[PDB]
């Protein structure tokens, strides 16, 4: 169960924890990622709040929150291997993990098959 945002961010939930990353379409557009600006653990985010940024060799994009919640963990493997988000955007290349202050916000995100039509139409 993977939902998407209009800014090409995905989220998956398990045990009340949302794992946030960027889609495969976005990382392909961005290229080889070099630096990931991630928020400190404990940051309280609102939906669509700008919580970070990604810098690639030939591109840069901002990261916007798909949910309202509190940041619980950041992917520490991105400091030594930032290329994980390019070739593991849905698994090892995740960015942050957060709580869900308002789980009903998941209905505002599009499904995985609605997002493929979103980028192809």
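Residue numbers count along the first chain shown, from 1.
Engineer: Select between 73 to 81 and 27 to 35 the stretch whose C-alpha atoms have the higher average B-factor in the entry.
Structural biologist: Averaging CA B-factors over each stretch, the winner is 73 to 81.
Engineer: Is residue 117 in the lowest, middle or highest third of its chain when residues are ranked by C-alpha B-factor?
Structural biologist: According to the entry, residue 117 has a C-alpha B-factor in the chain's highest third.
Engineer: Based on the entry's values, in what third of the chain does the Cα temperature factor of residue 109 lie: lowest, middle or highest?
Structural biologist: It belongs to the highest third of the chain when residues are ordered by C-alpha B-factor.
Engineer: So where's residue 50 on the chain's Cα temperature factor ranking, which third?
Structural biologist: Residue 50: CA B-factor falls in the highest third of its chain.
Engineer: Sorting the chain's CA B-factors, does residue 7 end up in the lowest, middle or highest third?
Structural biologist: It falls in the bottom third of the chain.
Engineer: Sorting the chain's modelled residues by C-alpha B-factor, tell me whether residue 19 ends up in the lowest, middle or highest third.
Structural biologist: According to the entry, residue 19 has a C-alpha B-factor in the chain's lowest third.
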